[PDB]
Amino acid sequence: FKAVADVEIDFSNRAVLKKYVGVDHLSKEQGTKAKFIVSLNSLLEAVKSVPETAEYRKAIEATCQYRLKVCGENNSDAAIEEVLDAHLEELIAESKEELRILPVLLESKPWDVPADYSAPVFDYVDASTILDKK
Amino acid sequence: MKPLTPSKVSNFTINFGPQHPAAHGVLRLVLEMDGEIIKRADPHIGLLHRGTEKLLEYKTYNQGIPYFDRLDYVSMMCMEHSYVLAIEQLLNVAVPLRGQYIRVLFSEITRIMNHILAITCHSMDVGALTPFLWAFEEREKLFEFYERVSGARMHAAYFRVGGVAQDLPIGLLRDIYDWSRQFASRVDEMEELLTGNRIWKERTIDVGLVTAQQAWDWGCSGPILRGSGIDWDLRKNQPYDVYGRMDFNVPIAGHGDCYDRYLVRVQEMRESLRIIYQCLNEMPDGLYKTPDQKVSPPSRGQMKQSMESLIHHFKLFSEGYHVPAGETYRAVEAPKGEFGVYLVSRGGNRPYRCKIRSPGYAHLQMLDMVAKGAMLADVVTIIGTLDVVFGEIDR
Amino acid sequence: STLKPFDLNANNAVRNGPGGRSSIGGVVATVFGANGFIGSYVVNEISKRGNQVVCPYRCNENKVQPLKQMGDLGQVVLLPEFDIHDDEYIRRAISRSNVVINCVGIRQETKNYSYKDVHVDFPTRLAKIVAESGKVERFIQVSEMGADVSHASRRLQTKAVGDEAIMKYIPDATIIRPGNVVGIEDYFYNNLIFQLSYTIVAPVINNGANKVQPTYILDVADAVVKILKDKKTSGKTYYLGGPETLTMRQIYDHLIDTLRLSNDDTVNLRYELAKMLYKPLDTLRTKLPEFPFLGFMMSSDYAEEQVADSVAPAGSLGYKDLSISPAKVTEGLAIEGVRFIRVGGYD
Amino acid sequence: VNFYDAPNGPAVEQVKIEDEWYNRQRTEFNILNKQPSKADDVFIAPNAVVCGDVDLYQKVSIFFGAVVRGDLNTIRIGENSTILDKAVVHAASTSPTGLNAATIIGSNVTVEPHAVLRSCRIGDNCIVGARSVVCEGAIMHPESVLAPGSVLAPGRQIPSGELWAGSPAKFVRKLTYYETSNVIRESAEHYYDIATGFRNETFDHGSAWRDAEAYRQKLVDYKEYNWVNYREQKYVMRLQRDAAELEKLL
Amino acid sequence: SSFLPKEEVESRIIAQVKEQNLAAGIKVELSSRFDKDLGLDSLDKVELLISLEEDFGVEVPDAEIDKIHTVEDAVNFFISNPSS
Amino acid sequence: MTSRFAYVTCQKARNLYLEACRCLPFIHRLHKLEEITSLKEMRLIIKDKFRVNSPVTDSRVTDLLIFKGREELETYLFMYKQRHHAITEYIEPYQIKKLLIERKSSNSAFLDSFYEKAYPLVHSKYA
Amino acid sequence: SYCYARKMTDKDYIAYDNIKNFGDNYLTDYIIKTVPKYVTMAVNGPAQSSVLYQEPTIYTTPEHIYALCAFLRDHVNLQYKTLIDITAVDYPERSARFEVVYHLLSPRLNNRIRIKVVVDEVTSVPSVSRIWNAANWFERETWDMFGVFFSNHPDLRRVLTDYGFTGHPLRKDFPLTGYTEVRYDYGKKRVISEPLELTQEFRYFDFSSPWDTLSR
């Protein structure tokens, strides 16, 4: 991107960048790696309420495990940002946003479906695929 | 046994009527104000609701293109572009490269005039009238390009399904290139009068503050997103034409105030100039409309020499093409934000449902949150940054 | 309610549509005096129902601007140069017309035109021109209630003589004789208000004894329509008085009340004094152009017509024969216009 | 747990009872928006507990172990009225009768040890005996005496000048003129003299704070003592709570 | 509890009851149910109560409107109420 | 705290009509309609507006109709609509009906419509 | 989540490979498996984002719309932080005439999703304004044009149509020209509404061919 400010600032400082783009609005906290680890572990604790054989709980477990791994090999907090395509602050806000909808999911219990549940899926086949070759 | 504390009451339910130094169109605004400070803003719309969406249902697809030009009178090309893209997606029609280049070029041109009008009319609303008149001469130079390609300065109806209506007239590329050679200097002249001016700074700084979360929540797009720190552009994130080839950088600011969005719009004009130069240099040669004559009209000599071409001409100018049953939503980066058309086809020659997604509708919805705690004078500036067009808001 | 036809010959063929602006009514009308207060509403009533109205007017584009909106495309025809002394223009105006309405009248004399010209010569000449044609089926003339041959005022006497001439040439003409007409553009309440507010003293002839029967403009306009929708009305004079008979003192008092004037500004300028103050000023009027400063009120004719009772004769045709209930002019919508000025909660 | 709309603000630091190493009970303390009021000459024993909307008039004596809880509704104790040892005065939220549920005690009223009063009207110059229970809505009219070990059932009345006894309290005898005039007032005056004595040998800040100050000074010397701006922290906690309450979806 | 004379308030209420199209003819007195004797509709009953609102300068509760049923009941309600 | 002595919408439209009647004076003052019309006179029109929708019996359709009628009231109450709107749509037709004098037609309903127009279903203007 | 600007240079990529794959081909299956009760059927078709890709369409019932929207916004993998628009389509041939359409954006996934709730004239759709503040005006417009009631809406009012308009114009049974017309009267100095009359009627030209096959 291009800064629209005539003033000259250094965007490799990795803090002047965050101040310029307004990440501080998202969270006033610094957003270090340990905070991300704590947030992921708190999400893992929270999803315990969801039944063990629930696809949603398995999904959250898999995502949290993937992100805890990405924290594992990468000792640099910026490296985690590059791998996850996000600022550490918004990665931390992500788990809280996930926490917000757990009550709404525990009220309706979407995972309860009969053992004959079937969702019909219709898929589109493009003519370019067939016409050019088979 | 601890005393309770009472509060104060707000009155002054003003009615702010159609008012000339504001975003163009008719705005009826009901404002509840505690003293000189606003507590609620309720925009009253429907004053330019012409029933466009229902009228589209009674017209053929090619007959409904001029509706999109008149939805937004500032940016016509971008508005008709989404409609033609949606019809092309449903029809599975491939646009030739020269027509794709012509569409991108004229889209950038209309983007530039939109930004010129927005900035200079906003300055006029503040009370500075010199940038405004300094800008009309540039806007005339660009209207002259439109009248050259289409014969209409405003409602060209130049973009068509599968390409463009006619080819670029000889000598146009040179003239556009000259306007481009001088455009940057003209923009710098305008920028000095606005930027750095203490009264302009005081009027615009820290007014209309928006945060990224608020923008996504309210569905805002374009300059509002980019003035708050969001690196999101449809031309880059979701390319729709030869925009992917084009090399340009997103302008980003972080504060979200009125000034940041003004700076973003100026830089957007500069980026559009860069895209135009690339379009001019890389303009290909060949067909400007799709070779298929079951979706595009035949050429006049061809209709006058061939039976199949006369048949195709007759059936395309009487019945029109039949669009296969399906639904699609195609969005384009309009100068005011994201403009999209949700087209539902049942297999006939007329659209069954054509929903128009207004970029300015959500901004006018955001007006109340933004204009809380402000003053009667700040409303004009806040409306200016939203840059709302009420024919565009009221379809 | 069932729409009643305009009782004109061969209307059944030409008429078509619901009766609105875009419908076809088989009435082509030449309304003389269209730009006037009475004429404009008659034009509105006729043109509203899809009919075509020819409006001869003395050159004045701004005065005839409201008539342009009255009808759909090609329905309101405005003829630019109207002269009461020009026969050929009158023949051209009524060429296609099957009904002719005459609302041309002058409240005061000038140097160019006197009462005898406008109120006598024009009706007779127009009557002959209409009679020779034969296509014109209905003729309506608008006159005052107090018009009589044995009247002191020259205006009300000349009007009656012209009406008799019209009756002689066209026996089937209908003479509409409304009272003082109340409206937004009327010359009754508006002149009374201007007298009460922007005049040093409000002179009242005698003590306001004279009785009047004011009527609302919409009632007279509807009465014209009811005249045209019945052929049995032809050859008859209708005294379209208002629902209530009021003395002039009551109307002045009630205007003072509605406007919430501080007190009564009216004075007693009894008769036999106005007959000496205004008598030279009439000779002044007949030798000078139209002047806004003095007019209508400041004439001996007005004093003479304000010393008599302008009320409907007992045995007479009126609104009841036309099945119209006149609206009261001292209450309701009729009085809103004076009400907007001041009601004591206002300013 | 934490009341965020409390009049003085939320609690920045809350300590568990297990972590307490000394007794911190306060003889007068505030329960949220309800504040006890006392006169200058009102004696509250160190053991005694007075909380809530309790109004103590002049010469009121609260002796050792007495609990006057004004949490549900208002308690008023009249002039020269003594609450003796281990006697509980409490107020109900509502009364069964439908009248006001405040516990109003008149002047020169002696509540003998271990007597429980809840949402009752006690008239002037009355004696409630030891282990006497006066239930909600029961009204004792002035110059009446309830004998020890007696219960006044809810919504019941003891007339003036009468001595009542029994678990279903019943009339026993009419109190004599000398009794009502002198002795009932004299008992309250005697207990006022005893409480005046106890007040006279009480120091304003008795030397029990020194022991806690020694621990605080040790923490200061070893550099574990932390200076906390409780005012700012309360403000920040309330701000965070409001932001979270706005964010929540359900 | 009658703040003002029973005869006066009754005459006034029956005067307003007469104003309604029906509720007249042979029986316009007390002991007449609005909907079962007088042919009144529920909306007409509510409007009649509002007209009594204008006559006696005092409001009627909506739950009381659910409770009111007769000409006796309305006059009883208006006599009972001190503002009257 | 206990003694044995201690403890011892079919008409939604009616509520909406009550709301309209109670809000009538406010719209009279807001729309400057005191002199033109009386409160009772408007209260009469509102009933006819309610009576047009009598045939419906479904609860859900009733809910929608009530919501729409509340919207109609709110337009006048919040000054969305103007004084001339109130004159044109309520007060003027009601006053016109009172001022109307008509001859009791001896011809039946069929004869009158037959004389009037070929297609009775088409409306007539300015009758 | 929120596409806050992070990379200063070389952000030429449209998105990462894994993020594209998870949303190119697993998105509908992931939704169905994760929240099965909400989904009734799913359609993969031509993409809203682009011509080349494929974007999901999910059909759900009115009762589950609020929970499905809440799941879509805040699920870590699926973050549809934006409501592009809300729309209804009238199908008079169907018993359940109206199809309420929701269009969403995930900036993180760079994907578009379409959610459909099929209702009739009497049934109501719960408002999703608490999930997305932009919904308020969109649901007000849907109520105005089509007559679909939205439950628990803060203030459901008409937006586009004239004051006093009772009909819903975008219903297929509503005349193109409407029922009334507006004119100024000289007699009554007011602008008034009258029944419709057309000087020239709208000419419907029937261009359909017997031999056409695309018509469904």
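Brief remarks on what is shown
Order of writing sets the chain letters: A, B, C, D, E, F and G. Residues in each chain are counted from 1.
Just so it is clear, a contact is a pair of C-beta atoms (placed from the backbone, for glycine too) under 8 Å apart; a residue touches a chain by one contact, two chains touch by 3 or more.
Shared contacts of subunit C and subunit G, meaning chains that touch the two of them, come down to F. Annotation: B-G is the more contact-rich of the chain pairs B-G and C-F, by number of C-beta pairs in contact. Here the spacing of subunit C and subunit D, counted between their Cα centres, is 93 Å.
With centres set at the average Cα position, the gap from subunit B to subunit D is 73 Å. Averaged C-alpha coordinates give centres for subunit D and subunit E that are 55 Å from one another. Rounded to whole angstrom units, the spacing between the C-alpha centres of subunit E and subunit F is 23.
Multi-chain contact residues of subunit A (touching two or more other chains): 1, 21-23, 26, 100-101, 104, 107. Looking at subunit E, one finds that none of its residues touch two or more other chains.
Those residues of subunit C in touch with two or more other chains are numbered 18, 20, 23, 48. Against subunit A, in their complex, subunit D makes its touches with residues 247-250. Taken together, the subunit F residues at the contact with subunit D in this complex read 1-3, 5-6.
Partner subunit G is touched in their complex by these residues of subunit A: 1, 11-12, 17, 21-23, 26, 55-56, 59-60, 63, 81, 85-87, 90-91, 93-95, 97-98, 100-101, 104-105, 107-113, 117, 119-124. If you check the complex, the residues on subunit C that touch subunit G are 17-18, 20-23, 40-41, 44-45, 48, 66, 69-70, 72-73, 184, 217-218, 221.
Across the complex, subunit B meets subunit A through its residues 92, 195, 211-213, 228-229, 231, 249-256, 260, 263-264, 266-267, 271.
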